[PDB]
2 protein chains.
Amino acid sequence: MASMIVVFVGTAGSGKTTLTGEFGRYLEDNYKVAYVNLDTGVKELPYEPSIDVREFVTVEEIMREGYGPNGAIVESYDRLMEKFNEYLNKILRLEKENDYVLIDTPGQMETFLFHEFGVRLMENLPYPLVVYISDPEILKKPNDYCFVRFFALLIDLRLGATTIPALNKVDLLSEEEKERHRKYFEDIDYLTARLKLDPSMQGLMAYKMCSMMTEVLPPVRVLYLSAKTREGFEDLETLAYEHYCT
Amino acid sequence: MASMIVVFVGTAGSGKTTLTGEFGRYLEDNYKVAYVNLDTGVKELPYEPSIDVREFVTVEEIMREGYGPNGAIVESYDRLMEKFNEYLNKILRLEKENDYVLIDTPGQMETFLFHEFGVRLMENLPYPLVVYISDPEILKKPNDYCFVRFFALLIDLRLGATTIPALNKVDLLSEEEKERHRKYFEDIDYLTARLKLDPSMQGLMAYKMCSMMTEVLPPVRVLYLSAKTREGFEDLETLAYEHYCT
Ligand SMILES: Nc1nc2c(ncn2[C@@H]2O[C@H](COP(=O)(O)OP(=O)(O)O)[C@@H](O)[C@H]2O)c(=O)[nH]1
Ligand SMILES: Nc1nc2c(ncn2[C@@H]2O[C@H](COP(=O)(O)OP(=O)(O)O)[C@@H](O)[C@H]2O)c(=O)[nH]1
Ligand SMILES: [Mg+2]
Ligand SMILES: [Mg+2]
């Protein structure tokens with residue numbers, strides 16, 4: 001009815017499948033929800049998918065053809081393209097009968113960013129919203145913050161869909177960490193400022209870069225989520241609905 | 001002696017291992033050369049590596065512990081971190097006894113961009129040069145060009161190493177294709193110009209972005225290489241040496 005699509009994008013250990021699971025249940029209180037799994041090499045799902053590409057191809061079976069692991073992943077998404085139109089249509093249909101279609105993407109994001117299947121699928125859905133989750137562990141140095149927010153800018157460019165930067169597993173944060181990440185993230189002044197202290201080509205090649213005063217809506221609002229405590233779920237829901245309007 | 005390190009970074013089908021192989025042989029005419037393989041899930045190497053992390057861990061063996069393919073790749077680079085110092089030192093030593101250390105990276109670049117092993121290793125080598133190869137197939141639309149050159153900008157930010165944008169397998173190009181890619185790439189005027197024709201949020205969110213007039217050395221020189229004809233090898237060699245100076 002409301003027909004929103006939310007695509008979770010992240011690398012290994014970001015926890016996006018658990019998030020897709022739990023954020024669904026959260027939504028299943030006030031909304032009809034659909035689950036789509038595009039990962040051909042995930043062992044188990046904590047939700048019940050209306051679409052599961054493992055039903056057509058899996059990485060493990062393909063490897064049992066003599067493919068290397070890197071080669072079976074790529075080859076698994078080559079075979080999916082034979083069922084491109086089907087899935088696009090499976091998805092478009094689901095989107096007509098639901099408030100939310102949650103799309104769980106390949107564990108290796110480059111399989112989604114670089115392969116025809118993921119790229120073309122995206123191109124052909126109406127205004128999908130993308131949520132890019134990062135493992136807060138990566139957030140050790142000041143450049144790490146600029147990168148996260150640049151990567152989300154690309155995903156946007158590559159998939160042509162608004163992309164929301166998010167940290168997940170924030171329940172594991174000491175709260176000092178919690179303190180530290182927000183500062184760099186929300187206080188654009190703080191971040192840029194700090195980037196000068198680096199006397200290095202990367203402290204120097206990395207400062208002119210966080211040009212917030214650029215683009216349009218230069219700065220993006222970073223969500224902090226937790227599958228575990230349902231932190232930030234209402235923000236995301238508010239962000240979905242609001243993207244659906246604008 | 002000259003001690004240069006060249007790190008090949010690219011996704012599946014970009015051909016970087018074949019490139020690392022052949023560009024070595026090309027160098028093995030006028031130089032001493034070392035090969036380092038950081039990919040724990042590659043089936044076979046066309047070169048003789050002085051360092052091979054498959055000798056310590058492989059993705060396939062790890063999966064035979066009940067790990068999913070996505071989970072065995074990540075777990076393979078977690079175990080490598082136990083031998084971090086060793087490899088750093090293996091590498092630093094090789095770099096002292098050779099003109100060139102060629103570093104062949106994990107087939108999935110995010111394993112290199114997001115995992116501690118790849119990120120920390122990079123941080124700890126002297127001014128390595130990174131070569132980001134893309135499959136020219138991805139080069140279908142005008143935004144595809146901006147993205148390639150943005151991704152290389154990140155790799156730079158993430159790894160803190162100068163990153164050279166390259167197309168590979170250019171021998172497969174019809175020459176019309178060859179015509180088309182260079183125009184978008186080298187003629188900065190052409191590219192930006194074209195990006196306006198898009199009346200879309202992505203033709204609109206994708207134009208203010210290719211800000212060449214920004215950064216420092218805003219525009220980067222894109223190499224066109226071929227393992228097959230040795231196209232562009234002299235450019236790269238010229239680019240290595242020149243990065244070694246500057
Ligand atoms: N503490 C905590 N753990 C989480 C959270 N989200 C996921 N996890 C755990 O992280 C691990 C990886 O999650 P998963 O969603 O399967 O990873 P994915 O491959 O990115 O989809 C699982 O053991 C989850 O239980 C979270 O918000 N908080
Ligand atoms: N025509 C052509 N084929 C190439 C070139 N480089 C690699 N290949 C082929 O592309 C395939 C994948 O190459 P490989 O280096 O193993 O892929 P990688 O996983 O990115 O390292 C192999 O069959 C190579 O023979 C090239 O420059 N030209
Ligand atoms: Mg998963
Ligand atoms: Mg390879």
Side-chain angles (χ1 to χ4, degrees), chain A residues 143 198-206 208, chain B residues 1-10 14 16-38 47-51 87-105 109 112-113 118-134 149 151-168 185-186 215-227 230-246:
Chain A
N143 50 298
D198 185 318
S200 299
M201 15 282 158
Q202 302 310 131
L204 217 51
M205 193 297 183
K208 319 287 189 305
Chain B
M1 197 65 217
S3 312
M4 283 144 317
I5 296 153
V6 185
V7 196
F8 293 92
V9 170
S14 58
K16 50 149 189 56
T17 296
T18 294
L19 187 57
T20 300
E22 183 67 33
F23 180 69
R25 295 155 95 256
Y26 167 87
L27 253 21
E28 280 178 8
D29 285 328
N30 284 109
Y31 300 103
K32 248 274 103 172
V33 180
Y35 303 82
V36 173
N37 166 226
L38 306 186
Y47 53 75
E48 192 212 65
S50 300
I51 294 172
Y87 293 123
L88 188 55
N89 284 311
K90 289 178 167 208
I91 298 171
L92 290 186
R93 190 182 315 147
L94 281 191
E95 167 266 337
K96 300 278 182 168
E97 296 147 9
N98 302 263
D99 286 276
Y100 283 88
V101 185
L102 311 176
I103 297 190
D104 203 357
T105 55
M109 335 168 52
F112 199 65
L113 295 182
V119 169
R120 280 182 75 171
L121 204 72
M122 286 303 288
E123 279 188 12
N124 284 108
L125 304 171
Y127 301 119
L129 179 69
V130 181
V131 188
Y132 170 50
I133 53 195
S134 321
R149 186 191 285 292
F151 203 69
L153 189 158
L154 280 96
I155 290 160
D156 204 293
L157 187 45
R158 182 58 174 156
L159 296 169
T162 318
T163 295
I164 302 310
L167 313 191
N168 194 218
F185 274 132
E186 268 262 322
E215 171 69 15
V216 184
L217 213 284
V220 201
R221 216 160 300 147
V222 183
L223 285 173
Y224 314 105
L225 317 163
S226 171
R230 305 187 175 183
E231 178 155 2
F233 288 17
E234 284 112 5
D235 297 310
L236 187 53
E237 182 197 345
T238 308
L239 255 160
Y241 183 66
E242 145 201 325
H243 164 85
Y244 176 109
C245 300
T246 328

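Residue numbering restarts at 1 for every chain, and letters A, B, ... go by the order of the sequence lines. The analysis underlying the following values was restricted to heavy atoms, covering all of them including side chains, and did not include hydrogens, waters or symmetry mates.
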Novice: What is the minimum heavy-atom distance between B/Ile5 and B/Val7, and which atoms define it?
Specialist: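 Of all heavy-atom pairs spanning B/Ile5 and B/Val7, the closest is CG2-CG2, 3.9 Å.
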Novice: Quick check: does any side chain N or O of B/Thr105 sit under 3.5 Å from a backbone N or O of B/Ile103, one acting as donor and the other as acceptor?
Specialist: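 Looks like no, no N/O pair under 3.5 Å.
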Novice: Determine whether B/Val101 and B/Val6 make a side-chain contact, defined as any pair of heavy atoms from C-beta on separated by less than 4.5 Å.
Specialist: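 SC-SC contact between B/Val101 and B/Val6 ruled out.
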Novice: Starting at CG of B/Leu19, measure out to CG of B/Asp104 and round the result to the nearest 0.5 Å.
Specialist: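 So the gap between those two atoms works out to 9.0 Å.
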Novice: Of all residues at least two apart in sequence or in a different chain, which pass the side chain to side chain contact (heavy atoms under 4.5 Å, CB included) check with B/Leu153?
Specialist: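 Result, side chain to side chain contact (heavy atoms under 4.5 Å, CB included) vs B/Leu153: A/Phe150, A/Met205.
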Novice: Report, as yes or no, whether the 6.0 Å neighbourhood of atom CD on B/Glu97 holds more than 12 heavy atoms from other residues, nucleotides or ligands.
Specialist: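 Atom CD in B/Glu97 is packed in, count exceeds 12.
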Novice: I'd like a table of donor-acceptor pairs (distance under 3.5 Å, sequence neighbours excluded) in which one partner is a side-chain atom from residues 118-134 of chain B, with atom names and distances.
Specialist:
residue: B/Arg120; atom: NH1; partner: B/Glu116; partner atom: OE2; Å: 3.1
residue: B/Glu123; atom: OE2; partner: A/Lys141; partner atom: NZ; Å: 2.8

Novice: Enumerate the salt bridge (charged side-chain N to carboxylate O under 4.0 Å, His left out) contacts for residues 17-28 of chain B, please, sequence neighbours excluded, ordered by first and then second residue.
Specialist: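 Sorted pair list: B/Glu22-B/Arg25, B/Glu22-B/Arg230.
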Novice: If you take all heavy atoms of B/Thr18 and B/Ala227, which pair is closest and at what distance?
Specialist: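 Nearest pair, atom of B/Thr18 first, then B/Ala227: CG2-CB, 3.4 Å.
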Novice: What do the steps show when you test B/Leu94 against B/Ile51 for side chain to side chain contact (heavy atoms under 4.5 Å, CB included), and what is the final call?
Specialist: CA-CA 9 Å; B/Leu94 281 191; B/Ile51 294 172; 3.7 Å; yes
Novice: Under the side chain to side chain donor-acceptor pair (under 3.5 Å) rule, collect the residues that match up with B/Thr238, sequence neighbours excluded.
Specialist: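 Result, side chain to side chain donor-acceptor pair (under 3.5 Å) vs B/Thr238: none returned.
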Novice: Among all residues two or more places apart in sequence or in another chain, which pass the side chain to side chain contact (heavy atoms under 4.5 Å, CB included) test with B/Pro218?
Specialist: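 Scan of B/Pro218 (side chain to side chain contact (heavy atoms under 4.5 Å, CB included), adjacent residues dropped) gives B/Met212.
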Novice: B/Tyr31: which residues meet the ring pair (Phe, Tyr, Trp, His ring centres under 6.0 Å) condition with it, sequence neighbours left out?
Specialist: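 Result, ring pair (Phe, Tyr, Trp, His ring centres under 6.0 Å) vs B/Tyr31: B/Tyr100.
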Novice: Could you work out, with side chain to side chain donor-acceptor pair (under 3.5 Å) as the rule, every residue matching B/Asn37, not counting sequence neighbours?
Specialist: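 Once residues adjacent in sequence are excluded, B/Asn37 has no partner under the side chain to side chain donor-acceptor pair (under 3.5 Å) criterion.
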Novice: So B/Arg149 and B/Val220, side chain to side chain contact (heavy atoms under 4.5 Å, CB included) or not? Walk me through it.
Specialist: CA-CA 8 Å; B/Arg149 186 191 285 292; B/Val220 201; 3.6 Å; yes
Novice: What residues, two or more places apart in sequence or in another chain, satisfy ring pair (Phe, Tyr, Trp, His ring centres under 6.0 Å) together with B/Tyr35?
Specialist: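 For B/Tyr35, the residues satisfying ring pair (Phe, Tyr, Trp, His ring centres under 6.0 Å) (neighbours in sequence not counted) are B/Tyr47.
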Novice: To the closest 0.5 Å, what do you measure between CG (B/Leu236) and CG (B/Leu223)?
Specialist: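 The distance works out to 5.5 Å.
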Novice: Applying side chain to side chain donor-acceptor pair (under 3.5 Å), name anything that partners B/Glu95, two or more places apart in sequence or on another chain.
Specialist: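 If we apply the side chain to side chain donor-acceptor pair (under 3.5 Å) test to B/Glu95, skipping adjacent residues, there are no hits.
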Novice: Are B/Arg158 and B/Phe112 close enough that some pair of their side-chain heavy atoms sits under 4.5 Å apart?
Specialist: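 Contact flag for B/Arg158/B/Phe112 side chains = no.
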Novice: Are any side-chain N or O atoms of B/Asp99 and backbone N or O atoms of B/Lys32, one a donor and one an acceptor, separated by less than 3.5 Å?
Specialist: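 Yes, B/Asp99 side chain to B/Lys32 backbone: donor-acceptor pair under 3.5 Å.
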Novice: To the nearest 0.5 angstrom, please state how far the NE2 atom of B/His243 sits from the OG1 atom of B/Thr162.
Specialist: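 The OG1 atom of B/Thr162 is 4.0 Å from NE2 of B/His243, to the nearest 0.5 Å.
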Novice: I'd like to check the ring pair (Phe, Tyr, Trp, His ring centres under 6.0 Å) partners of B/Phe185; sequence neighbours left out, ordered by chain and number.
Specialist: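 Result, ring pair (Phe, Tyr, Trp, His ring centres under 6.0 Å) vs B/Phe185: B/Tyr145.
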Novice: Any chance you could measure B/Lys96, atom NZ, to B/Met1, atom CE, to the nearest 0.5 Å?
Specialist: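 So the gap between those two atoms works out to 11.0 Å.
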Novice: How close do B/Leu225 and B/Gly232 get, counting heavy atoms only, and between which atoms?
Specialist: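 Here B/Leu225 and B/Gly232 meet closest at CD2-O, 3.6 Å.
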Novice: Quick one: side chain to side chain donor-acceptor pair (under 3.5 Å) partners of B/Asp156, sequence neighbours excluded?
Specialist: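 Side chain to side chain donor-acceptor pair (under 3.5 Å) list for B/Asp156, sorted by chain: A/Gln202.
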Novice: About how many Å separate CG of B/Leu239 and CE of B/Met4, when rounded to the nearest 0.5 Å?
Specialist: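 Result: 12.0 Å between the selected atoms.
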Novice: Between CG of B/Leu113 and CG of B/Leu157, what distance do you get to the nearest 0.5 Å?
Specialist: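 Reported value, rounded in 0.5 Å steps: 10.5 Å.
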Novice: Which is it for B/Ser14 and B/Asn168 under the side chain to side chain donor-acceptor pair (under 3.5 Å) test, yes or no, and what are the steps along the way?
Specialist: CA-CA 7 Å; B/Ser14 58; B/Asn168 194 218; over 6 Å; no
Novice: Among pairs that include at least one residue of residues 234-246 of chain B, which meet salt bridge (charged side-chain N to carboxylate O under 4.0 Å, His left out), considering only residues two or more places apart or in two chains?
Specialist: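 Not a single pair qualifies under salt bridge (charged side-chain N to carboxylate O under 4.0 Å, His left out).
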